[PDB]
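Q: Starting from these lines, generate the structure:
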Amino acid sequence: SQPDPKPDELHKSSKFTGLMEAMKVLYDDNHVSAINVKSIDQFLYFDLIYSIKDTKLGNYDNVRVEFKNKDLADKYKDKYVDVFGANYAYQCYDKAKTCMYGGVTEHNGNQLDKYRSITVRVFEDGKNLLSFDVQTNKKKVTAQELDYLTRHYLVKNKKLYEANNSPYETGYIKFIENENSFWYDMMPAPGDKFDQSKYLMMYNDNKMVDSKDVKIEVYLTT
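A: Numbers count the residues shown, from 1 in each chain. See the structure here:
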């Protein structure tokens, strides 16, 4: 449904002179993952606040999901959900609280027996040289979760974002569900700055897909 990237539409990493590590921390080993949690508070009319704890490093004790509109926050307000996504900030109104976008799926009637695998084909400058699987136990899973899994594998194995500079010039991730498909630009906007919240704001739609039918294709050009 979404048209594929037009010529020169993708972001060039060479036109980005900031620190690539900023984007790297978004898809490193650390993210927000919670199972069977209900909202506890609400700051603004398009967010929800969850008592999600950082068992890893103890950084955050509360997490604030931001949505694109109000119907999403009012939707998942009183429902027990699972949370999965990339956190970016540490704010106050004790431990601090971190923020993210979307990544909320309903719990009941959404868990699978075994781990469902999704195959990811990677194309470097045109040729399919790499292909790996990403697992999930969710019938309906956010595109943010699959994107974070894919980009995480690419972080650790192919050095997609390193601390300084990037080996890859352009790159976008493509989710194809049956007939329809959409894509996301993986490279930061040009300039010396990089706003984590503005980049991650693309996830505020809470776009979900079916793990049985979705297919993932990553396209990178050096």
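Q: host element of residue 137?
A: strand 127-138 (DSSP states H and E).
Q: Please apply the same query to residue 71.
A: Per DSSP H and E: residue 71 is located in helix 70-75.
Q: Tell me which residues of the longest strand seen in the chain come out buried.
A: What stands out as the longest strand in the chain, according to DSSP state E, is strand 111-124. Residues of strand 111-124 classed as buried under the neighbour-count rule (16 or more other CB atoms under 10 Å) are 116, 118, 120, 122, 123, 124. Where you see a C-beta, it was placed from the backbone N, CA and C, and this is true even at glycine.
Q: thought residue 60 was touching residue 92?
A: No: using CB atoms under 8 Å as the test, residue 60 is too far from residue 92 to be in contact (11.3 Å).
Q: Those two: who's more crowded?
A: With neighbours defined as other CB atoms under 10 Å, residue 60 and residue 92 compare such that residue 60 has more, 21 against 7.
Q: outside of stretch 73-85, which residues touch it?
A: Taking contacts as CB atoms under 8 Å, 6 or more residues apart in numbering, the residues outside stretch 73-85 that touch it are 31-39, 42, 45-48, 50, 52, 63, 65, 67, 100-108, 110, 138, 142, 144-145, 148, 200, 203.
Q: quick one, what contacts the residue located most distally from the centre of the chain?
A: Ranking residues of the chain by C-alpha distance from their mean position (CA atoms, centre = their mean) puts residue 94 at the top, at 27.9 Å. With contacts defined as CB under 8 Å, 6+ apart, the neighbours of residue 94 are residue 61.
Q: same check, this time on the one 3 residues further on
A: For residue 97, the set of contacting residues under the criterion of CB under 8 Å, 6+ apart consists of 49, 60, 61, 62, 63, 64, 90, 91.
Q: and the first one, what does it touch?
A: The contact partners of residue 49, taken as CB under 8 Å, 6+ apart, are 39, 40, 41, 42, 43, 62, 63, 64, 65, 97.
Q: Filter these down to the buried ones and express that as a PyMOL selection.
A: Provided next is the PyMOL selection string for whichever of the contacts of residue 49 are buried by 16+ other CB under 10 Å:
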select buried, resi 39+62+63+64+65+97
